[PDB]
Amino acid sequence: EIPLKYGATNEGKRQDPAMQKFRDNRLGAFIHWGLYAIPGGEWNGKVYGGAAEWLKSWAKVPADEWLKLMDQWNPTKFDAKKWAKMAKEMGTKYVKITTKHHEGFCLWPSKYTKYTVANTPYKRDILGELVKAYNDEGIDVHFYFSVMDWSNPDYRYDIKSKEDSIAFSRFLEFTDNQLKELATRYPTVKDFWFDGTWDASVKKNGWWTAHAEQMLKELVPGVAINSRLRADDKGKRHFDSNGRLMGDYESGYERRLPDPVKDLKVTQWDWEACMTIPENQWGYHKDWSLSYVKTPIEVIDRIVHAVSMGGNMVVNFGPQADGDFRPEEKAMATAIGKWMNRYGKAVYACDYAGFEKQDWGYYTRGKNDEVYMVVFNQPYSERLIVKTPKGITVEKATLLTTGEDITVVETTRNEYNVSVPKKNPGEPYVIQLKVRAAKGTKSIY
């Protein structure tokens, strides 16, 4: 039992309506947009395979010369209403936007630095326009914010002298100033998702992370803050030295989701995964043939996976320099939206069902105790195994899309075969189960 001033604050999951909304949303989109979209992974003739948003680093570009990319920031095809229509049609209930990435360029007209949209040919407050457009479509907006900033000389990677400490202190002042600014210009913000918080400097300043969390919660009622922000008194990040989760939800699982058999611990807190369509490209990269690019079904599989274990999933997009989306991303959003329109009752506002994982796919649980079977892998046996928790029985099964009744055969105490539909749906599909919890056997139902 280690005593701590800047360790965890929340007892269990938050159950206030704004957290319920953050959670019930389930499906988000990420936007990574900034100066990196101009060179798109290429610099001085060399195409770099690393993440396009890190190209300043891959190509060893000095800050002064990286930031002169602002002179070419002119996204004439940008239209925030079109971006919000795209998100709505994909079935997202929220969008997270890079307000400022590591390069330090701000997508709003910050009064605290010259490296902003204000000082580009385009001049306009892109951040404000997107906030309005998404909110007009009924889509919540979350702000990604990089603490690490390659544009501000005051930033330190570690505190190695009194000078470093004085310097980093003003940098933290500067960071609070931008945070207050985003919270006061854009009060409909629902979440701040921090990044670039892993350096020794930040870990040494745990108190500052707790302060930022508190500051923003005073400024924006109900606002959510990701675990990635937080370091405790010992420099321990995400979960404090007593294993307790800091911030409002766990953020991680980029490129590997929690294991549905081994990582059931995650159902005990709120959490959010974010993913890329290629293997590791968040900002726009001009050449997607360099790594594996996920198909719509592989993405939909990850989204349902997340919801089945009590978490959110956010699919990333890296808009072109011009303010439009490349065709792969338009195809992806469309394909996702088509499936979500059909099967979304087993994703939106669903949660962990407390059933043993089976091979055919994933269970999710609705707000009224519906139990959905989302089938990704069709058994040649024509039978979907359903093993129930103690005291739970399956009274009915129904194909979601048509309401057709589906046979359920009991095979042992607590196990059934649910038949596959008479006609193969030809895509990942949903069977809704009606279940009954027996009088006073303890269970989550």
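We call the rigid core the largest set of C-alpha positions that still match within 1.5 Å between the two forms. One rule holds for the numbers: they count along the sequence shown, beginning at 1.
ask   = Taking RMS over all structures and residues, which stretch has CA atoms farther from the shown form in 7 other deposited structures of this protein, 300-308 or 255-263, after a rigid core fit?
value = Comparing 300-308 with 255-263, the larger C-alpha deviation in 7 other deposited structures of this protein belongs to 255-263.
ask   = Comparing 283-291 with 161-169, which has C-alphas lying farther from the shown form in 7 other deposited structures of this protein once the core is aligned?
value = Taking the RMS over all superposed structures in 7 other deposited structures of this protein, 161-169 lies farther out.
key: Greater mean Cα temperature factor according to the PDB record, 18-26 or 5-13   = If you average the C-alpha B-factors of 5-13 and of 18-26, the larger mean comes out for 5-13.
request  = May I ask you to compare 202-210 and 123-131 by their mean CA B factor in the entry and name the higher one?
outcome  = Mean CA B-factor is higher for 202-210.
Per the PDB entry, maximal CA B factor within 362, 253, 193, 343 = That would be 253, according to the entry.
task = In terms of CA temperature factor as recorded, identify the highest of 420, 67, 394, 409.
result = When the deposited C-alpha B-factors of 420, 67, 394, 409 are compared, 67 is largest.
Residue 170 - Cα temperature factor, lowest/middle/highest third of chain = According to the entry, residue 170 has a C-alpha B-factor in the chain's highest third.
query = Lowest, middle or highest third of the chain for the C-alpha temperature factor of residue 46?
reply = As the PDB entry reports it, the C-alpha B-factor of residue 46 lands in the highest third of its chain.
task = Using the B-factor values recorded in the entry, state whether the Cα atom of residue 387 falls in the lowest, middle or highest third among the modelled residues of its chain.
result = CA B-factor rank for residue 387: lowest third.
query = Relative to the other modelled residues in the chain, which third contains the C-alpha temperature factor of residue 339: lowest, middle or highest?
reply = As the PDB entry reports it, the C-alpha B-factor of residue 339 lands in the lowest third of its chain.
task = Would you check the entry's CA temperature factor for residue 377 and let me know if it's in the chain's lowest, middle or highest third?
result = For residue 377, whose C-alpha B-factor we compare with every modelled residue in the chain, the answer is the lowest third.
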